[PDB]
Amino acid sequence: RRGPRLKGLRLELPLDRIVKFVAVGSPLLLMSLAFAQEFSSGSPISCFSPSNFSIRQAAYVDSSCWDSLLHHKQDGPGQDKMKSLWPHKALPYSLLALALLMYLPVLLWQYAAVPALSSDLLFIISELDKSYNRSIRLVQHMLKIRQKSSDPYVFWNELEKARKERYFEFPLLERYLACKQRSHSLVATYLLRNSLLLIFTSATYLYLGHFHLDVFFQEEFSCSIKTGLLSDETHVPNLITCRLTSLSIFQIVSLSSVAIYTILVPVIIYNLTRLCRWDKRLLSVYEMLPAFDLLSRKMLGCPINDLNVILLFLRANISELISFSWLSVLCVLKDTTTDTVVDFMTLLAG
Amino acid sequence: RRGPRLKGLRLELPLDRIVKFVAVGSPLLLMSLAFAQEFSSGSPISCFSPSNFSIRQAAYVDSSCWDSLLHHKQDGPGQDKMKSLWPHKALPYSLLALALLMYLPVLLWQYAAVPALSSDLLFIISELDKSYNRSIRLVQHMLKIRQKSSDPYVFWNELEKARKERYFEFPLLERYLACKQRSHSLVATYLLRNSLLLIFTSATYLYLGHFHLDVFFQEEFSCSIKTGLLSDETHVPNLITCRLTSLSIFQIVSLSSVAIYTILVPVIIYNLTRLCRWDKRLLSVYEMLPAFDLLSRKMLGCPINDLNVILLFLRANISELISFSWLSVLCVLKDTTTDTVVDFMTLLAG
Amino acid sequence: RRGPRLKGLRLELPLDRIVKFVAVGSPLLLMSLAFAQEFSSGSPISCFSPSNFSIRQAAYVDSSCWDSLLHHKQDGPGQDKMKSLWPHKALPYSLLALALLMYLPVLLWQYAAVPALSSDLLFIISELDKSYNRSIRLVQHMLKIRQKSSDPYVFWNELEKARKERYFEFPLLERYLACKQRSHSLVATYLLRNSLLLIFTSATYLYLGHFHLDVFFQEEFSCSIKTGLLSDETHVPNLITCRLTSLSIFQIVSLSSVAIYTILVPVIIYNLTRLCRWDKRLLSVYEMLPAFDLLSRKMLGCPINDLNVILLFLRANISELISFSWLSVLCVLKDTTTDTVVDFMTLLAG
Amino acid sequence: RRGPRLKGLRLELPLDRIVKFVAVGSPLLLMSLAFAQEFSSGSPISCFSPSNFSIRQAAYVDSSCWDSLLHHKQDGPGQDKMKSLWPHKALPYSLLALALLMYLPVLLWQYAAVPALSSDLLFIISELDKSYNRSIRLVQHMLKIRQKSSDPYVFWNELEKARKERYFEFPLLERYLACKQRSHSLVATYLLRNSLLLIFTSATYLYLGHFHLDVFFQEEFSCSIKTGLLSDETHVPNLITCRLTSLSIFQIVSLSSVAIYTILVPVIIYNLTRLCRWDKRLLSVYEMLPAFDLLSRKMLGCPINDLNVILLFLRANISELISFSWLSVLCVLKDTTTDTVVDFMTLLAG
Amino acid sequence: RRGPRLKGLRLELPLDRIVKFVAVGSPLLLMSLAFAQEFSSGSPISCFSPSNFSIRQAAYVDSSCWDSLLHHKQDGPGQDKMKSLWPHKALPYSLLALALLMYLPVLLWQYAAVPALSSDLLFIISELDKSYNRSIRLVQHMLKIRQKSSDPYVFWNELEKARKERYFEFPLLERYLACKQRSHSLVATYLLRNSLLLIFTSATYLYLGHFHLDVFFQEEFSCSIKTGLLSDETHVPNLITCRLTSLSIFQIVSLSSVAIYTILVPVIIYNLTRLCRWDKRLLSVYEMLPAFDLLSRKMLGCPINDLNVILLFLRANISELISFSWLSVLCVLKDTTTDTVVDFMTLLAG
Ligand SMILES: *[C@@H]1O[C@H](CO)[C@@H](O)[C@H](O)[C@H]1NC(C)=O
Ligand SMILES: *[C@@H]1O[C@H](CO)[C@@H](O)[C@H](O)[C@H]1NC(C)=O
Ligand SMILES: *[C@@H]1O[C@H](CO)[C@@H](O)[C@H](O)[C@H]1NC(C)=O
Ligand SMILES: *[C@@H]1O[C@H](CO)[C@@H](O)[C@H](O)[C@H]1NC(C)=O
Ligand SMILES: *[C@@H]1O[C@H](CO)[C@@H](O)[C@H](O)[C@H]1NC(C)=O
């Protein structure tokens with residue numbers, strides 16, 4: 001039971017997982033599409049060499065014109081003195097670099113803040129189950145006292161006496177939460193990961209705005225082979241002019257990437273917005289029980305604190321651990337009640 | 001038992017599963033077929049370049065004419081001044097977009113209403129099994145009383161006394177159902193998912209009615225290569241005219257998609273119609289037992305409530321859980337009867 | 001034991017499984033053969049273009065002549081004014097449609113009548129095992145009585161007394177069978193599934209009789225490329241005449257399909273014959289025991305009843321469940337007898 | 001123990017398994033080889049079209065000549081007026097037909113006589129184990145009586161008394177074997193399966209004699225393309241003459257198949273011969289024990305009986321069940337003896 | 001223990017396993033190499049057709065020349081009137097035939113002598129473990145008697161008395177071995193398998209000496225196409241001379257096979273030599289104990305006997321069962337000794 005519980009612990013939340021998967025998969029899918037087009041078209045570009053050229057010489061012209069992009073500019077018949085068509089060649093490598101950059105912050109977060117968070121969460125839940133059991137065991141005596149005397153004054157007096165009994169309130173948890181309220185490692189790592197994601201998205205936006213808008217259409221370009229040593233070769237023409245077939249793919253890729261990452265600009269910000277606010281209905285739900293009461297009163301300071309991330313993960317986990325399926329119903333009863341405690345006690349006893 | 005039971009819980013119903021599978025498989029299958037044709041034919045289009053052209057120049061003409069679709073229009077010999085053949089090129093990408101769009105609402109429904117529904121169903125079934133056991137334990141005493149006295153007046157009096165015994169009726173369940181009858185999260189998500197499916201089907205209809213009927217046949221088209229820089233090349237012709245071989249595939253795809261999605265317009269509406277009416281024979285069957293009595297008195301309210309979705313899922317689950325195979329036979333006995341309780345008690349004890 | 005028994009339940013009969021597999025597999029195998037032929041020869045048809053045409057022009061002629069089948073009808077040199085060669089192109093798609101059509105009724109039967117039949121069968125067998133145990137427990141006392149008194153008059157009197165003991169006859173099963181004898185859901189679904197299979201087979205027969213006999217041989221056909229814009233091109237011929245290589249495959253496919261489905265016309269009819277008649281030797285075998293006697297007295301009604309399908313599946317299952325291996329031997333003894341009960345009791349006790 | 005034993009039961013005599021595997025594997029292997037040859041050489045035949053023909057025209061001639069085999073005859077320069085070369089084309093399809101035909105009887109035997117044989121075998125072995133135990137438990141008393149009195153007269157008298165004790169001889173098995181000795185279902189199915197195998201082998205012999213000997217060598221053949229519409233084309237020759245490269249493969253295939261099936265004519269006959277003779281050393285071995293004594297007295301009847309097949313599978317199974325390993329050694333002792341029962345009892349007790 | 005032990009029994013010896021694997025793997029490896037060569041070069045032979053011939057005519061010449069090997073002879077410029085080059089074509093088929101031939105005796109041995117040997121070994125080991133336990137139980141009393149009286153005369157007398165105690169010597173084993181010493185089934189099958197291996201090796205030697213030495217080099221050969229109908233074609237040459245590229249592979253294959261099988265001529269003979277001599281140090285080691293003594297006194301008979309094969313397998317198995325882990329050490333002690341029994345008893349008790 002305990003062993004399986006530790007393994008099932010969610011240490012990356014349910015929503016950030018989809019963001020990570022999208023941000024790491026989209027560039028890989030686009031790069032795979034680029035390679036698929038490269039191997040489907042056979043030749044990345046096609047050139048209109050004169051009829052005299054044999055097949056091997058035409059292939060030489062094709063290869064030399066396609067390989068001379070990263071080194072020298074090539075100008076089309078609508079452009080200024082120079083235009084750079086290098087992004088057509090380095091597209092898949094840039095996509096791989098983007099994928100690695102987007103994956104980096106995930107590795108940073110995991111390696112830097114998985115162990116401390118795991119230890120804190122497991123300790124807290126282990127203490128909290130026992131705390132809940134100890135808190136509930138007193139409800140029987142509370143019910144007996146309430147049955148004996150109906151007036152609410154004695155009920156309140158006995159509630160205060162039980163709170164002062166000192167059989168609970170777990171000073172271990174008190175001091176641990178007090179220490180956590182100062183720590184900043186978890187919030188630092190979370191904010192840093194989100195900021196890295198935002199910075200890399202902005203880097204992609206800049207890359208696609210500077211080096212893709214200029215040559216977005218760039219149908220054809222006038223290549224040259226005489227720049228080398230065969231400058232005295234009269235057989236070859238001077239300015240063989242040719243085009244690149246995969247252009248459409250390139251276009252789509254660029255646009256596609258932009259769109260996807262725009263969808264990820266709000267969501268990520270929302271993830272960063274979660275910390276600035278304490279997690280309210282559930283707060284009122286858990287205020288009643290002493291076991292959760294101790295951690296409920298630790299929300300007077302600035303919302304940015306190491307205990308805030310622990311609270312987020314604790315809620316995301318207790319939604320399934322099992323220790324939440326009851327108090328919610330009890331507080332639903334309390335909301336419905338104009339007796340609620342008696343009904344809850346009967347249900348718990350059953 | 002409890003662990004395996006929660007795993008087997010059906011959280012997506014049996015009928016909607018087929019619709020979800022179809023709406024995603026169909027576009028993916030059509031896209032795979034399109035790619036298979038593209039790699040089987042080798043060239044998406046074929047062009048009738050003059051004899052003088054070498055193989056490389058003919059390949060250049062083919063590539064330039066096929067790549068100049070998304071950018072410029074191409075006119076056939078039966079058309080108006082202009083006609084755009086771009087849908088021939090962006091077909092697989094549009095299929096990707098449609099597949100993602102149809103998969104989106106499934107993800108929305110899952111991530112937004114799987115956990116609340118799962119918890120509610122688990123709690124309800126856990127309470128209901130014990131409720132049924134407690135209800136049946138009293139049938140023995142009822143049988144003893146009936147054996148002692150045969151008149152029906154004492155039967156009615158003892159039934160009323162048992163109903164007033166307060167050993168059951170589970171006020172927990174009463175308050176939970178009362179609270180649920182106000183919730184709207186589950187119905188909101190269900191209606192939103194169905195409406196998203198309908199909206200995306202209408203979007204596909206509009207897309208295939210606007211951008212496919214015009215170029216549905218469009219056998220051939222007259223391409224041009226002189227639009228670029230090689231406008232002084234007398235060697236090349238002016239208006240090389242050529243055709244696209246995969247046309248038939250395209251045609252079929254369009255038609256096929258339409259048909260399939262039409263089949264999904266009624267079914268989805270039926271899914272939306274399930275909520276407008278409370279689930280009648282089964283209601284009368286379960287009215288008898290006190291355990292199901294509490295949840296069978298909620299039919300008065302408006303059909304659109306969070307308890308309605310829970311009722312649908314509860315019926316779909318109880319059809320196989322085990323807690324239904326008995327009461328159905330007991331109410332069949334009641335219908336057949338002009339002793340039934342004694343026979344049912346004997347069967348349950350066995 | 002109980003859990004494994006439920007899974008092992010045969011809910012589709014042994015014979016109908018082979019019919020389903022054949023009907024859903026034959027078209028898929030033929031379609032795979034068609035695609036294999038399409039990709040083995042490289043091209044579906046071959047055309048005899050003049051010598052002047054380059055390779056690219058010949059490929060254009062081939063593609064345009066093969067793609068102009070669905071859109072226009074071509075004419076061979078043995079035919080009337082015009083003939084339709086479109087079935088050569090839409091063959092694999094028609095095979096896909098046929099496979100889906102034949103698979104549809106299986107899905108209908110499953111989704112519509114798997115749960116009710118499963119519940120009824122499991123309940124009936126669960127009752128019947130303990131019913132047989134209770135019935136056999138009395139054979140010891142019966143044997144003691146027979147040993148004490150040898151005359152058959154007392155034997156018959158004690159048999160009647162035991163039948164009237166009211167310790168068995170399970171009124172639950174009496175009423176359940178009385179109810180099932182009116183239901184018609186299972187028979188309706190079974191008849192509908194078989195009728196759908198027959199209707200789809202007849203549809204295939206009509207399709208192959210209308211759209212394949214006309215162009216069954218159709219060796220060659222005269223294609224034309226001037227129909228488009230290039231009507232002023234004197235270089236091209238007028239009526240390029242060419243042939244389709246895969247014809248033989250097509251032929252075989254058609255014939256093959258016909259044959260297979262003919263084999264399925266009797267068998268399916270035989271499946272519909274099983275309902276019109278009740279399942280006789282086994283009936284007399286099971287008449288003796290009280291446990292099976294109750295369901296053995298329902299043969300008077302009409303053969304078409306919901307209890308008939310349940311009987312068929314019950315026999316098909318009890319052939320392996322274990323509850324049949326004994327009574328058959330006991331009735332074999334009874335047939336051989338000119339003591340049998342004592343021998344059967346000894347065997348059962350062992 | 002019991003469960004695993006049922007699964008391990010053999011319902012296909014070891015020897016027949018190899019025949020079943022061979023008769024369905026050889027044609028499949030040959031067909032795979034034929035397809036491998038078809039795809040290794042690229043084209044099934046090669047034709048010697050004149051030099052003027054372009055590559056596409058030569059491919060058209062090849063396809064039309066290879067496709068015109070099933071439709072029209074083709075004559076070589078050594079033949080009569082006509083010769084039919086269609087077996088070259090329909091070879092793999094005929095191999096598929098042969099494989100299906102050979103597999104059909106296996107399916108018939110399974111579906112028609114697996115369940116009855118399985119039930120009979122399992123019942124018989126289940127009874128026989130306890131029967132052997134009961135027979136053995138009396139050997140101790142027999143040994144004590146023999147020790148008390150050494151004369152053989154008292155030994156024979158006590159043996160007769162034990163045989164008459166009525167504590168065994170299992171009248172259940174007496175009646176069951178009496179009923180089985182008249183049944184003919186198992187022998188009918190076995191003989192029918194063997195006869196089907198023989199008939200299909202004879203069909204293959206006839207097919208390979210009528211349609212493969214005539215064109216066994218048939219090196220070349222004179223094809224023609226003018227039969228169609230292009231009878232006014234002076235460019236094409238009249239009687240293009242060409243050959244088929246895979247001939248050798250074809251030859252081998254034919255021969256190979258013949259050889260294999262000849263090997264299967266004796267073996268199958270042997271399988272049919274086993275029924276005509278009752279299973280002799282083992283019969284004398286098992287005659288001694290009372291448990292096997294009852295089933296050893298049925299040899300008088302005609303060899304063809306359902307009990308004969310049950311005996312065959314019973315021996316094939318008891319060779320490994322475990323019940324055979326003892327009595328064989330005991331009868332070996334009896335053969336060696338000029339005390340044996342005492343030694344056997346000691347071994348069994350150990 | 002008993003179940004796992006029977007599975008672990010080795011019924012094929014360790015040394016013969018390597019021979020069986022090699023004799024079936026080598027030809028398969030060579031055949032795979034031959035097919036790999038056939039598909040690596042594209043064509044099996046190359047022919048020097050004149051320049052006038054087009055590509056298709058050259059392919060026709062290649063195919064016709066390579067296909068006329070099995071039918072007609074072809075002579076090079078160093079040979080007699082005729083030389084046969086058919087072994088170049090039937091090489092992989094001959095390799096398959098050889099692989100099947102070498103695998104046949106393995107199947108024969110398995111199907112004919114796996115069950116009898118398995119049963120004999122199982123019974124022997126099962127009785128032998130108990131025999132050893134019974135034999136060792138008396139060593140304690142032997143030690144007590146030796147301690148009481150030190151003289152060896154009483155030790156010998158008590159050893160004889162124990163041998164005559166009749167509490168062991170297992171007459172079952174005596175009679176089983178006596179019966180086995182006459183049986184010849186196992187020796188017959190073993191010798192037949194070895195002789196089949198030798199005969200097939202000799203057949204391969206003859207095949208490679210007759211049909212490979214003649215045409216071992218046979219660089220080129222003169223092919224003719226005019227033998228057919230096209231004898232009036234002046235366009236074609238008369239005696240096209242051409243070569244076969246894979247020759248080297250062929251050569252190697254032949255040589256390789258020879259070498260491997262020579263390595264298998266001694267080893268197999270050694271396997272046949274094992275039976276002519278009874279298995280000596282181990283015999284003297286096991287002669288001491290009464291359990292092994294009974295089977296150690298059968299060495300007098302002829303070496304060829306069914307008990308000899310059982311002895312070989314029994315030693316090969318007892319080398320790993322566990323029952324040998326002590327007696328070997330005990331006889332090592334006896335060899336070392338100028339007390340040994342006491343030390344052995346202490347070790348066995350521990
Ligand atoms: C064609 O080839 C000749 C020599 O091979 C060369 O002089 C001429 O420049 C070539 N044509 C063009 C357009 O360069
Ligand atoms: C054929 O080639 C010549 C020169 O190479 C060119 O002038 C002519 O335009 C070409 N034919 C066509 C139809 O363009
Ligand atoms: C052959 O080519 C010439 C010109 O290229 C053309 O006029 C003629 O029609 C062609 N042959 C045929 C049969 O069309
Ligand atoms: C060669 O071609 C010419 C015309 O292209 C044709 O008349 C002649 O028949 C051809 N040769 C043969 C052997 O058919
Ligand atoms: C070359 O071709 C001519 C006719 O096309 C033919 O007569 C001659 O034999 C050929 N040369 C050779 C070496 O076959």
# chains A, B, ... in the order shown; residues from 1 in each chain; ligands from 1
>>> residues_around(residues="residue 44 of chain E", least_positions_apart="6", cutoff="9 Å", atoms="only C-alpha atoms", output="ChimeraX atom specification")
/E:37-38,66,244-246
>>> write_last_selection(atoms="N, CA and C atoms", output="compact mmCIF listing (two decimals), in the first residue's frame")
# COMPACT_ATOMS: atom_id res chain seq x y z
N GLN E 37 24.13 -13.67 -53.02
CA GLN E 37 24.90 -13.36 -54.23
C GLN E 37 23.98 -13.18 -55.43
N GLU E 38 22.95 -14.03 -55.55
CA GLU E 38 22.02 -13.91 -56.67
C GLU E 38 21.37 -12.54 -56.69
N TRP E 66 20.80 -17.85 -69.59
CA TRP E 66 20.87 -18.36 -68.22
C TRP E 66 19.82 -19.43 -67.97
N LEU E 244 29.42 -16.25 -66.39
CA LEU E 244 28.60 -16.28 -65.19
C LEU E 244 29.43 -15.71 -64.04
N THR E 245 28.92 -14.64 -63.42
CA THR E 245 29.72 -13.84 -62.51
C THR E 245 29.91 -14.48 -61.15
N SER E 246 28.92 -15.22 -60.65
CA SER E 246 28.96 -15.76 -59.30
C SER E 246 29.89 -16.96 -59.16
>>> residues_near_ligand(ligand="ligand 5", cutoff="12 Å", atoms="only C-alpha atoms and all ligand atoms", output="ChimeraX atom specification")
/D:50-52 /E:48-54,57-58,232-240
>>> write_last_selection(atoms="C-alpha atoms", output="JSON list (two decimals), in the first residue's frame")
[["chain", "number", "residue", "atom", "x", "y", "z"],
["D", 50, "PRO", "CA", 12.61, -5.09, -82.81],
["D", 51, "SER", "CA", 15.11, -2.30, -82.26],
["D", 52, "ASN", "CA", 12.79, 0.50, -83.41],
["E", 48, "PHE", "CA", 28.38, -9.72, -74.32],
["E", 49, "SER", "CA", 25.67, -8.96, -76.84],
["E", 50, "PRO", "CA", 26.67, -6.72, -79.77],
["E", 51, "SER", "CA", 26.17, -2.97, -79.68],
["E", 52, "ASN", "CA", 23.15, -2.99, -82.00],
["E", 53, "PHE", "CA", 21.07, -4.84, -79.41],
["E", 54, "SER", "CA", 18.85, -2.56, -77.33],
["E", 57, "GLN", "CA", 17.04, -7.48, -76.44],
["E", 58, "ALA", "CA", 20.16, -7.75, -74.27],
["E", 232, "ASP", "CA", 15.75, -16.72, -89.75],
["E", 233, "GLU", "CA", 16.78, -13.57, -87.85],
["E", 234, "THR", "CA", 19.95, -12.28, -89.49],
["E", 235, "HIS", "CA", 19.92, -9.34, -87.06],
["E", 236, "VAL", "CA", 20.92, -11.54, -84.09],
["E", 237, "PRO", "CA", 24.34, -13.24, -83.90],
["E", 238, "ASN", "CA", 24.81, -17.02, -83.93],
["E", 239, "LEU", "CA", 26.98, -18.02, -80.94],
["E", 240, "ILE", "CA", 26.87, -15.22, -78.36]]
>>> residues_around(residues="residue 303 of chain D", least_positions_apart="4", cutoff="12 Å", atoms="only C-alpha atoms", output="PyMOL selection string")
chain D and resi 181-182+184+187+272-279+298-299+307-309+311-312
>>> select_by_dssp(residues="segment 28-161 of chain E", states="alpha helix (DSSP H)", output="PyMOL selection string")
chain E and resi 28-40+55-67+91-137+139-148+152-161
>>> residues_around(residues="segment 114-117 of chain C", least_positions_apart="3", cutoff="9 Å", atoms="only C-alpha atoms", output="list in words")
residues 319 and 320 of chain B; 11, 12, 109, 110, 111, 120, 121, 122, 186, 309, 310 and 313 of chain C
>>> residues_around(residues="residue 217 of chain D", least_positions_apart="3", cutoff="12 Å", atoms="only C-alpha atoms", output="list in words")
residues 76, 78, 79, 83, 85, 88, 212, 213, 214, 220, 221, 243, 244, 245, 246, 247, 248, 249, 250, 251, 252 and 254 of chain D; 67, 68, 70, 71 and 72 of chain E
>>> write_last_selection(atoms="C-alpha atoms", output="mmCIF file, in the first residue's frame")
data_model
loop_
_atom_site.group_PDB
_atom_site.id
_atom_site.type_symbol
_atom_site.label_atom_id
_atom_site.label_comp_id
_atom_site.auth_asym_id
_atom_site.auth_seq_id
_atom_site.Cartn_x
_atom_site.Cartn_y
_atom_site.Cartn_z
ATOM 1 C CA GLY D 76 5.904 -22.724 -80.282
ATOM 2 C CA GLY D 78 7.603 -27.723 -82.194
ATOM 3 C CA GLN D 79 3.910 -28.039 -81.481
ATOM 4 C CA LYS D 83 -0.968 -25.285 -77.348
ATOM 5 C CA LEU D 85 0.292 -22.075 -71.801
ATOM 6 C CA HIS D 88 2.248 -20.810 -66.287
ATOM 7 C CA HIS D 212 1.687 -29.736 -66.960
ATOM 8 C CA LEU D 213 3.030 -32.588 -69.103
ATOM 9 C CA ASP D 214 1.814 -31.007 -72.349
ATOM 10 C CA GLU D 220 9.277 -20.224 -76.346
ATOM 11 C CA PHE D 221 6.026 -19.169 -77.981
ATOM 12 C CA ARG D 243 9.912 -16.644 -74.122
ATOM 13 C CA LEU D 244 9.286 -17.015 -70.398
ATOM 14 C CA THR D 245 12.247 -16.986 -68.033
ATOM 15 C CA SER D 246 10.773 -18.720 -64.959
ATOM 16 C CA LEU D 247 10.255 -21.991 -66.865
ATOM 17 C CA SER D 248 12.821 -23.955 -64.864
ATOM 18 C CA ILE D 249 11.187 -22.923 -61.588
ATOM 19 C CA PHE D 250 7.806 -24.055 -62.901
ATOM 20 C CA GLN D 251 9.300 -27.402 -63.903
ATOM 21 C CA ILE D 252 10.910 -27.976 -60.511
ATOM 22 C CA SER D 254 5.647 -29.516 -60.542
ATOM 23 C CA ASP E 67 17.655 -20.389 -68.566
ATOM 24 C CA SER E 68 19.092 -22.880 -71.101
ATOM 25 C CA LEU E 70 19.225 -27.253 -67.150
ATOM 26 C CA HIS E 71 17.941 -28.053 -70.659
ATOM 27 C CA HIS E 72 20.999 -27.981 -72.941
#
>>> residues_around(residues="segment 155-170 of chain C", least_positions_apart="2", cutoff="8 Å", atoms="only C-alpha atoms", output="PyMOL selection string")
chain C and resi 131+134-135+142+145-146+150-153+172-174+290-291+294
>>> write_last_selection(atoms="N, CA and C atoms", output="CSV table (one decimal), in the first residue's frame")
chain,number,residue,atom,x,y,z
C,131,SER,N,-29.2,-26.2,-8.6
C,131,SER,CA,-30.4,-27.0,-8.8
C,131,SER,C,-30.1,-28.5,-9.0
C,134,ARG,N,-29.0,-30.0,-5.6
C,134,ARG,CA,-30.2,-30.3,-4.8
C,134,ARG,C,-31.0,-31.5,-5.3
C,135,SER,N,-31.1,-31.6,-6.6
C,135,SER,CA,-31.9,-32.7,-7.2
C,135,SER,C,-31.2,-34.0,-6.9
C,142,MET,N,-34.1,-41.7,-2.1
C,142,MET,CA,-34.9,-42.5,-3.1
C,142,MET,C,-34.3,-43.9,-3.2
C,145,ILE,N,-35.3,-46.0,-0.2
C,145,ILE,CA,-36.7,-46.4,-0.3
C,145,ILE,C,-36.9,-47.6,-1.3
C,146,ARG,N,-36.2,-47.5,-2.4
C,146,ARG,CA,-36.3,-48.6,-3.4
C,146,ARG,C,-35.7,-49.9,-2.8
C,150,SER,N,-39.4,-53.3,-3.1
C,150,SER,CA,-39.0,-53.6,-4.5
C,150,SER,C,-40.1,-53.3,-5.5
C,151,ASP,N,-41.4,-53.3,-5.1
C,151,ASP,CA,-42.5,-53.1,-6.0
C,151,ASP,C,-42.4,-51.7,-6.7
C,152,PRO,N,-42.8,-51.6,-7.9
C,152,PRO,CA,-42.7,-50.3,-8.6
C,152,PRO,C,-43.8,-49.3,-8.2
C,153,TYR,N,-44.9,-49.8,-7.6
C,153,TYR,CA,-46.0,-48.9,-7.3
C,153,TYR,C,-45.5,-47.9,-6.2
C,172,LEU,N,-38.6,-19.2,-9.3
C,172,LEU,CA,-37.9,-18.1,-9.9
C,172,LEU,C,-37.7,-18.5,-11.4
C,173,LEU,N,-37.2,-19.7,-11.7
C,173,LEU,CA,-37.0,-20.1,-13.1
C,173,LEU,C,-38.3,-20.3,-13.8
C,174,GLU,N,-39.3,-20.8,-13.1
C,174,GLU,CA,-40.6,-20.9,-13.8
C,174,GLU,C,-41.0,-19.6,-14.3
C,290,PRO,N,-35.6,-33.2,-12.6
C,290,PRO,CA,-36.4,-32.0,-12.4
C,290,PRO,C,-35.8,-30.7,-12.7
C,291,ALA,N,-34.5,-30.6,-12.5
C,291,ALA,CA,-33.8,-29.3,-12.8
C,291,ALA,C,-34.0,-28.9,-14.2
C,294,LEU,N,-38.1,-28.5,-16.0
C,294,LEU,CA,-38.9,-27.2,-16.0
C,294,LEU,C,-38.8,-26.5,-17.4
>>> residues_around(residues="residue 264 of chain A", least_positions_apart="4", cutoff="9 Å", atoms="only C-alpha atoms", output="list in words")
residues 19, 22, 23, 198, 201, 259, 260, 268 and 269 of chain A
>>> decode(residues="segment 162-169 of chain B", atoms="N, CA and C atoms", output="PDB file, in the first residue's frame")
ATOM      1  N   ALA B 162     -41.282   0.120   8.967  1.00  0.00           N
ATOM      2  CA  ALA B 162     -39.909  -0.112   8.535  1.00  0.00           C
ATOM      3  C   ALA B 162     -39.341   1.116   7.838  1.00  0.00           C
ATOM      4  N   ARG B 163     -40.130   1.743   6.963  1.00  0.00           N
ATOM      5  CA  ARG B 163     -39.664   2.956   6.302  1.00  0.00           C
ATOM      6  C   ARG B 163     -39.363   4.055   7.312  1.00  0.00           C
ATOM      7  N   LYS B 164     -40.089   4.081   8.426  1.00  0.00           N
ATOM      8  CA  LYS B 164     -39.860   5.059   9.482  1.00  0.00           C
ATOM      9  C   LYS B 164     -38.857   4.586  10.530  1.00  0.00           C
ATOM     10  N   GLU B 165     -38.315   3.373  10.394  1.00  0.00           N
ATOM     11  CA  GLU B 165     -37.419   2.842  11.419  1.00  0.00           C
ATOM     12  C   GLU B 165     -36.186   3.716  11.604  1.00  0.00           C
ATOM     13  N   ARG B 166     -35.787   4.455  10.570  1.00  0.00           N
ATOM     14  CA  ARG B 166     -34.620   5.330  10.587  1.00  0.00           C
ATOM     15  C   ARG B 166     -33.309   4.556  10.592  1.00  0.00           C
ATOM     16  N   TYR B 167     -33.349   3.237  10.403  1.00  0.00           N
ATOM     17  CA  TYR B 167     -32.129   2.450  10.275  1.00  0.00           C
ATOM     18  C   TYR B 167     -31.509   2.567   8.890  1.00  0.00           C
ATOM     19  N   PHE B 168     -32.177   3.247   7.966  1.00  0.00           N
ATOM     20  CA  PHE B 168     -31.701   3.423   6.601  1.00  0.00           C
ATOM     21  C   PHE B 168     -32.217   4.776   6.112  1.00  0.00           C
ATOM     22  N   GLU B 169     -32.252   4.962   4.793  1.00  0.00           N
ATOM     23  CA  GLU B 169     -32.557   6.183   4.056  1.00  0.00           C
ATOM     24  C   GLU B 169     -31.345   7.107   3.976  1.00  0.00           C
TER      25      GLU B 169
END
